[PDB]
Each structure stands twice: as structure tokens, then as C-alpha cells.
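Undergrad: experimental coordinates for this protein are included below, preceded by the sequence.
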Amino acid sequence: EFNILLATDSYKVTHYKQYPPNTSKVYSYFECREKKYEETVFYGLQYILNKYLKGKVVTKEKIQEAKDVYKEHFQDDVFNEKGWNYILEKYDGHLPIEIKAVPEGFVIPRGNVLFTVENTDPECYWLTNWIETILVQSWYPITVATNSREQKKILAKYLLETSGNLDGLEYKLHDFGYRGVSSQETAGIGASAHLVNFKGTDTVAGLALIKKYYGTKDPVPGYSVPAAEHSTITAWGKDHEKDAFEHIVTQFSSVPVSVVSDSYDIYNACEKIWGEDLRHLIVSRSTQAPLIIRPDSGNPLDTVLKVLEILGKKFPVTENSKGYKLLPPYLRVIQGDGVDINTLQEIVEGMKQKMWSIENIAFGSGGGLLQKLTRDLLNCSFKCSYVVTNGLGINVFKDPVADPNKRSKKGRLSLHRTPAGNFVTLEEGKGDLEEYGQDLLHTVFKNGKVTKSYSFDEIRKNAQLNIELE
Amino acid sequence: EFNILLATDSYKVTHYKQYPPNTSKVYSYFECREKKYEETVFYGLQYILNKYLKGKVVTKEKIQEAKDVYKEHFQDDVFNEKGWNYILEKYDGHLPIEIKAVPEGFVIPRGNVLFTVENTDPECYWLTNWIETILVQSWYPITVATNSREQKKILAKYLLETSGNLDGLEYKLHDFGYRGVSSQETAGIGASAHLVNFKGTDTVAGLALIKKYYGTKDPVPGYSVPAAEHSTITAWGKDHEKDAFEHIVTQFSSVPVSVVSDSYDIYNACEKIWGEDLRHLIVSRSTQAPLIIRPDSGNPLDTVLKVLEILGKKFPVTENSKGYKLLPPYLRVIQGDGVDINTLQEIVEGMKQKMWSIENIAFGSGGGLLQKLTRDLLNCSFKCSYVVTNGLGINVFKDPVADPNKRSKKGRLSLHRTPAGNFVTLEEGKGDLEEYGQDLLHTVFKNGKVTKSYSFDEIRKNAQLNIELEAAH
Ligand SMILES: C[C@@H]1O[C@@H](Oc2c(-c3ccc(O)c(O)c3)oc3cc(O)cc(O)c3c2=O)[C@H](O)[C@H](O)[C@H]1O
Ligand SMILES: C[C@@H]1O[C@@H](Oc2c(-c3ccc(O)c(O)c3)oc3cc(O)cc(O)c3c2=O)[C@H](O)[C@H](O)[C@H]1O
Ligand SMILES: Nc1ncnc2c1ncn2[C@@H]1O[C@H](COP(=O)(O)CP(=O)(O)O)[C@@H](O)[C@H]1O
Ligand SMILES: Nc1ncnc2c1ncn2[C@@H]1O[C@H](COP(=O)(O)CP(=O)(O)O)[C@@H](O)[C@H]1O
């Protein structure tokens, strides 16, 4: 059983002794600080609220377990058994905390309050920052959802330019990161952040997370097709690559099938095996069930172009109305090696320069999609902005002389839409002046209860691109 | 509850239909492929074996649940319901798999077999690579332990040069990455991996993982001390930073305390608050309870040097037997901002050039220690190298023309010690010739049971640096 008393940074165990005496309120906020990634997708807090923060999270056993761990860990008795016992006895172990948050899926410029945390009982002034470590873990779904959405923007731009529409956009970046992330839990969280923007995933774990914590009208959030790996090709032996290819497309004659082709020689495989020996099993394929050739090695841009040139010479190519080349509908390419947001852009630009439509290709990304991201990327931070001490509110902030950017916001905060349709975060309680319309932060958690939830379908709508909107 | 059927990459669901007919054995191995990280700590498999792979992992309802997900996920029926049913019925839901592995904590050069996986029932030829995805996640504890150990090597060399010894080394890189990792589960795994090399962590979840999955003679594998954060200083208001400092040091007068001092002006706080207004509360402190000053901003090297120059002018500095400057025993510094393996090296080097012992300093690291790592850094990779079909064994490998680095090993493999004491992985069954002694892999898993295991104390001994061994000897 997860114990919330053991789910914080160790040193926070000692902070109840460090706040100013006679402090009744500690109020903190989360932003993606300003310093590329101009706007961020707010996603993932609802998972954390439901899995770890709601309901009876304190028991007498958990207090005792925590007290024993801490005594050994610090080699001293510093744990606040009294404050935690108070939460148990007065609230049946429910956290006296109020959290307000922008709705999930909202796309917010950098440097704006995204959510705020405060204690609702003066005895629990120390609790606000106790849960900061858990609350701060929302950067991974925010950063995955944002980085994924930025790649969709690149794909959208180039698909529109080379085909005149956005058909198939949501299947152009497939999540293959299950094995490349650091844990089973990360895999489910990360895959669900990607599906805010796309429909294709092989990280099954993300499907259950969405069903359990968000929900969708459709049976499942993400979809997949049969595909080969090097073990299912190479197990036939080096001389029988062709037998493996033929066996696989015949087993999956009625659905799309992706077949890794670079086990020994990707160029030989496209020109001689797919393009001559097995060509007859490809041209006969249905439009709904194309062969997806997959190259897994070499320079990503160079390999994709040479594969397309090979296939254009063995299969009938047409020219679409924007004047770009298009493979027959039974044949596509997927590039799943070395793809991150930087190389994705180099590739589609490379394709366009060579007059190949982005219709012809999809991308797989694993580590690039889910593991190669850090809290530094959007400068996700949680800081205290307001305290009440001896009954007086004071505005609280950090302003390091060495770095201008690390400066934090002051006082009570609110998020508002400007007259021109942009966003603004009001400091120092100035949102109460009501010069800026309604605060977009809503109470999503109060005193152990989740008070407002969003479905995965609304989140997807909130996160849409303008290009899709237009 | 966790379901093994739903714990693989989607396309692996369809692979039982892609192997050559009449395949009875699939055999696969894991390596950190060759391509600054010459050797890797093998750490982490025992967690996965116990948490996810052992015991009764298949049920009637887990099969049903999986059948229903995959029908909607693929919009077709491709799930191998009868294969999974066979494991349920014949083995009471235990995996007919054998896994052999190098002992945990072993420090192994790149390009060597670290573990192998094969099915022990011909009917379950498809099972070996079904569990590839779960087993490949061992890259992460391996990579954390390896990268953590490479920073220890830097700290050890500099500390030894500066002080003539390694006293305190295991507290010099402290884990602060709980909030900076992608999840609660990652936090515990990565912090346990760091604790293979050091004693200091603030990510409590690492302690319970070690105790449950590995075990230690001691009550806990990791330790911590009281420390302030920006919220506990700034909450007093800007004009009262001195009151905050005095309250915190007084509250933890008899134990070591870390106090972040850059809320407003690191240099003013060291020189005028610590160095003057509150100096009397610092120089009275016990050797066992020093004040640790923590700067959290600006250039990491420049800030540490100027902080130290300031403290050397307000406090009595000594010179140690190697000629390096040493703060009084009640005063230390910790640098927790911008520390990764690259900047860690620039700091101790710049300290050494300015004649400051590494005794004076420790480092904290968070995202740098536990989040900024990928499977690409050590090329951790799982591949089939041997199959049997129609009773004939076959050596299998992948050899992409474009990339020589992606070439994989062939046939049955074994790990051996060379005549010079080095490691070599023998291919194509050649270990069976017995020209290199016995295979160093052990069966750690077979048919649903964990068959060999290591305590965290054994793993720590295996992962020691050469310099530490030399010091002991
Ligand atoms: C076969 C394609 O399937 C769907 O998208 C997928 C693609 C894809 C491939 C190449 C293209 O040029 C492209 O436009 C899309 O690739 C996948 C690969 C997988 O391993 C799993 C998948 O679900 C898809 C996946 O869902 C889309 O319906 C697409 O319109 C159709 O061409
Ligand atoms: C007060 C120090 O505690 C221990 O090391 C730690 C240090 C440290 C600091 C400065 C130095 O120059 C140094 O050599 C070490 O810092 C910590 C900071 C934390 O937030 C938590 C900790 O557990 C330590 C932590 O455990 C060691 O036992 C060291 O001997 C002692 O000086
Ligand atoms: N069926 C598939 N379709 C597209 N890309 C795939 C794929 N399977 C794997 N990949 C890409 O390759 C990565 C997995 O790497 P592998 O373990 O297959 C190759 P290696 O690094 O071990 O030599 C994934 O993150 C994904 O980007
Ligand atoms: N008590 C402490 N001692 C040393 N370093 C610490 C520390 N607390 C935090 N850090 C460093 O600062 C990182 C966390 O930064 P914070 O979240 O406190 C400020 P910011 O990330 O919003 O700019 C940790 O990964 C760690 O490297």
C-alpha cells in the first residue's frame, strides 16, 4: 500500500519546524516558467489526485510506519507525528487541502499559473508543501503532451502543404516507447499524454490508465496494427528473409501490416524482395490493408529518401494535386528509428524538398517521445507565493540575484483571458478587482474529494491545434 | 492489478503467427552494445523478476480482460488466447521461462551478454520475446547505477588528491530527484540504483524498494539531514531572511543542517548574514552538526568559488597535509543546482585549481541523476540469437548494412573470464568447448520461480570502485 507520509522529499519532513511561528496559511502555485516551447498542454493532475491524494490517505499504521522509517533515516526523531495524527482524528485521514487548476487539455503560454495549492485548516500550514513532490510529478505528462503536440504541429504543416488536407494526421506519430521508459507506471502515464494528440500507441498500459482515470466514449483511446520485429524476420535464417516476408504479409493479408526490412540490407529488400520477388503479393493488397515498409537503421533522412526512390522505381507513383509524389495506396513507409522532434522536422522538410508527399510516411518514436524529456524543458516549478502569519497576509517570492528567470510570482494568483484573447496571470490578489473577467482556475480538489473531473474526450478537444480548428 | 498479458508492446501480440512453423525454442539475450561509459553496473533485474514475472501471473480473468482489450485495440481478433490458456492449465499460470544472468552489482565492459531468456516448453516458443518489453526496462536501473558510479570515480579521484584519503566519499553525491522523475515507481527504482554507489538520498521510496526486493543488514540503506527550501526562507518575508536563518539553525542546533541561501542574494547572505550577523551561532556548532550552506543559482562553478572565497575571509581556514584549504569543521557547502556528470567534473577541477579541498563540498543532483538518461546512452538492447525449428538449431542475428554497430551476437552465448582476468562473451555455443572455464551467468529464474538472488550488501560490494578496493588493501 502506498503511504503518502513516505511520498515526499526527506527534508520536507523537517519543514513544519522552519516556517515562521504563528503561520496559518501556506499558498503555492505551479507554473512552466519563462526563459521554443511557447505554450504548454495542461494534462495529468487528475491521475495524481485520484491515485494518491483523495480519500482516507492517513491511518494509524501509516503514521507508525513513517515514524519508524524516519527515525532510522535521519538518525533522530524529527517526524511530525502530532500534525499527521491531527489529520487522522479530525478528518478521518482526508487531506485539508484545496487545489485549483486550469481545465485539463487547455493550452497555456509559458509563465502562467496552472494550479494553486493551499491548506484549508490553519493547523495544516505545513501540508501544502508536503505534497509538492507528488504534485510536481505532473511535469512528465505536461511535457510529454506538449512535446507530442509540437510534433503534430510540424506534421500538420507539412501534410497540409504536400497533400492539401490533414487526413491521417492522428496516425502519423506512433508511440513505441514502452521498453524505453524507466518503469511500468511511467509507461502508462507517458502513453496517455501522447494520446491527447494522436491515436496510435503500442504502449498498452496507457489504455487502462485513461479508462480508469479519465474515460472515453470509444471503447479504446488508442489503436495498433500487426508489425514484425527483427526476431520474427531473423528467426527464419539469413538466407530466408523472403520466406519470412511472404509468410507475414500472407498471415495478415486483410489488415495493415508493418514489416521491418533492414535486418540485413534494407535497399536490397525494397528493390529485389518487395519490388520484384514479392511484388505480386503487394499490388494485390487492399487500400484498407497496405504494406508498411519499415527501415530501422542508417541516417534517418537519407534512408527514407533512398527507400522512397527505390519504391518509386518499382511501383506506380502518381502525382497529387499539389504536385507531390504519392505511392500506390497498398504501400506506405514508417520511420521509427532516431525520431525525436528535431529529426522529425529534418525528415519531412527533406521529403518536401524532394517532392514526396507526407501522405507516404508515418513516424514511430520511443525514447524520444517518452524518455528524453526533463523538468528543465518547460521549467516546471512549484513555489510558495503567499503566507498568513499572525493573521496578516504577506506576498512571498524568491528573487535570486544571479539569475533573473528564477524569480517567482507574488501573492494570491488568478488566470485570466485578456481582451485580445491571450492569457494573463494576476498577482497580489488583483484578480479580486474583477477587471479581467472570470478566473480560469477551478477547484478540482478540496478536503480529500475530487470536486471537478474532465473526460479524456474534453481534454482532446481542449488540446486541438488551430490548424485543425480552422 | 498488474496484468502480464497487457504488459508488452502491442505488435508482440501478433508475433506467435510470424515465427517459422514448428519452432520449439526462441533464445534471446540482453547487452549494452558497444559503439565514456566503458563498463556498466548490472543492477535491477531481481526487482522485475519478483514484482512482475514470478508466481501465478496468468488467470482466467486476466486472459478474458486481455482478449477484450486487444479486440478493440487492433479492431480484430489476434490474441493468442489458447497459448495463454495452455500456460494457465499446464503450469498453474507460471511462466515456462529460464533466465540466466551475471550477478547483480557486477561491473561488466560494454558488448557482453548480461542475461539470456529462453522458453522451457516448446509450446511457449512465443513467450521469450513477449516479455522482452518488461525485461528491457532494466536499462534504467543499469544506466542510473552506471552513471552514478562514473560520478563517484570523479569524486574519488579529486577527493583523494585534495585530502589524501576517501573519507566521506559516499555522502558526496546526494539524490534529490524525487520530484524530477516521471513517476513514483521510477523514483524508487532510480533512487535504489543510486544507493548502489552512495548512502545519501531524499527519495524515501528507494528505501522500501531495497528492503522488500534486496535487503540490507542495516535498518535503512540511505540517510538524510534537515534542510531548508526556498519556501521556508521566503515565507518570513524578504526583510527577515536573517530571522529565518537564525530560527532554522537554532531548531537544528545539534544535527547537521542545510540552509539554501540564494533566495535574494547568495553573496550578501554568506558575507553579511552568516559571516557577520549570525557568525556566533555558526562557530559554536559541533563537528557532528555543521551548517551546510547551499547556493542554488548562477554559474555552478563561479558561484561555488565565490561562495568559498567569501567564507574563507569570514571564517578560520586551515591548510591540510596536501596543501589544500579547508573550512572549519562546523562549516560545509553543498551545490545542488545544475549538477550532472559533466558539470560535476568542471567544479571539482576548478576547486582544485583554486587550492580548495573537495572535503569542503558535496553535491546534490535530481533530474541529472535520475531523469536525464535514455536507453541510448549504453545501447541496452534485447535480441534473438538462437532458435530451434524442426529440431534443428540455427544461429540468428541482425546485420544492418548501414550500421555495423547494430550487428547482433549469434547462437548460444556465455560469459567467461579471460586468462588476463578480462571478460569475453563466447558465441555459437563455443562456451561448451570449455577453453575459458565456466560460464559466469547463473540461472536466476526458471518456470515461475526466482532461483538465485542477491542482497543489496552483496551488490554494493560487487559495484565498488578499483580505488576503494586499493584503499582497503
Ligand atoms: C495503414 C494506415 O493505418 C493507419 O495508420 C498507421 C500507420 C501509418 C503508416 C504509414 C503511413 O504513411 C501512414 O499515413 C500511417 O502506421 C502504424 C504502424 C504501427 O506499428 C501501428 C499502427 O497503428 C500504425 C497506424 O495506425 C491509418 O489509418 C492510415 O490511413 C493507413 O494508411
Ligand atoms: C554533515 C555531513 O553529513 C554527511 O554528508 C552529507 C552532506 C555533506 C555536505 C557538505 C560536505 O562538504 C560533505 O562532505 C557532505 O550533505 C547532505 C545534504 C542533505 O540535504 C542531506 C544529507 O543527508 C547530506 C549528507 O548526508 C556525512 O556524514 C559528512 O561526514 C558530514 O559532514
Ligand atoms: N514496430 C515498430 N514500428 C516502428 N518503430 C519501431 C517498432 N518497433 C520499434 N521501433 C522503434 O525502435 C525502438 C525500439 O528499439 P529496438 O529495441 O527495437 C532496436 P535496438 O536499440 O535494441 O537495437 C522504439 O522506441 C521505436 O521507436
Ligand atoms: N535540499 C537540497 N539540497 C541540495 N540540492 C537541492 C535541495 N533541494 C533541491 N535541490 C536541487 O534543486 C532541484 C529541485 O529544484 P527546485 O524545484 O527546489 C527549484 P526549481 O526546479 O523550481 O527551479 C533538485 O533536483 C536538486 O538538484
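TA: Received the coordinates, thanks. Residues are numbered from 1 along each chain as shown, chains lettered A, B, ... in the order given. Ligands and ions are numbered 1, 2, ... in the order given.

Undergrad: residues making contact with stretch A:215-224?
TA: With C-beta atoms under 8 Å, 6 or more residues apart in numbering or on different chains as the test, stretch A:215-224 has contacts from A:175, A:191-192, A:195, A:199-202, A:206-207, A:210-211, A:455-457, B:10-11, B:69, B:72-75. The way it works is simple: take the backbone N, C-alpha and C, and place the C-beta from them, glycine included.

Undergrad: quick check: domain ranges of chain A?
TA: Following curated CATH domains, one gets these domains for chain A: A:1-136+A:375-453, A:137-374+A:454-470.

Undergrad: just the buried ones from the contacts of stretch A:215-224, in PyMOL syntax?
TA: In PyMOL, this line selects whichever of the contacts of stretch A:215-224 come out buried by 16 or more other C-beta atoms under 10 Å in any protein chain shown:
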select buried, (chain A and resi 175+191+192+195+199+200+201+202+206+207+210+211+455+456) or (chain B and resi 10+11+69+73+74)
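
Undergrad: tell me which of the domains of chain A approaches ligand 3 most closely.
TA: Closest of the domains of chain A to ligand 3 is domain A:137-374+A:454-470, at 1.7 Å (criterion: C-beta to the nearest ligand atom).

Undergrad: do the closest one and ligand 4 meet?
TA: No - between domain A:137-374+A:454-470 and ligand 4, judged by C-beta under 6 Å from any ligand atom, nothing touches; the nearest distance is 9.5 Å.

Undergrad: let's verify the closest residue to ligand 4 within chain A: helix, strand, or coil?
TA: The nearest approach of chain A to ligand 4 comes at residue A:381, 3.1 Å away (C-beta to the nearest ligand atom). Secondary structure for residue A:381, judged by DSSP: H, G, I helix; E, B strand; the rest coil, is strand.

Undergrad: so residue A:375 sits in a helix?
TA: No - read with three-state DSSP, residue A:375 is coil and lies in no helix.

Undergrad: so it makes contact with residue A:139?
TA: Yes - applying C-beta atoms under 8 Å as the test, residue A:375 and residue A:139 come out as touching, 4.7 Å apart.

Undergrad: so which of the contacts of stretch A:215-224 are also by ligand 3?
TA: Within the contacts of stretch A:215-224, those near ligand 3 by C-beta under 6 Å from any ligand atom are residue B:11.

Undergrad: circling back: surely the residue of chain A closest to ligand 4 touches residue A:28?
TA: No - between residue A:381 and residue A:28 there is no contact under C-beta under 8 Å: 10.1 Å.

Undergrad: over to the residue in the stretch 201-350 of chain A that chain B sits nearest to. Which of the three states is it?
TA: Using C-beta to the nearest C-beta, the closest approach of the stretch 201-350 of chain A to chain B is made by residue A:298 at 3.0 Å. Following three-state DSSP, we place residue A:298 in the coil state.

Undergrad: would you confirm that it contacts residue A:266?
TA: Yes - under the criterion of C-beta under 8 Å, residue A:298 makes contact with residue A:266 at 7.4 Å.

Undergrad: from what I see, residue A:226 and residue A:250 are in contact.
TA: No - in this structure, residue A:226 is not within contact of residue A:250 by C-beta under 8 Å, at 11.9 Å.

Undergrad: for the nearest residue to residue A:229 once chain neighbours are set aside, what are its contacts?
TA: Once flanking residues are discounted, residue A:229 sits nearest to residue A:260: 6.3 Å by C-beta to C-beta, 6 or more residues apart in numbering or on different chains. For residue A:260, the contact set (C-beta under 8 Å, 6+ apart) comprises A:227, A:228, A:229, A:230, A:233, A:294, A:296.
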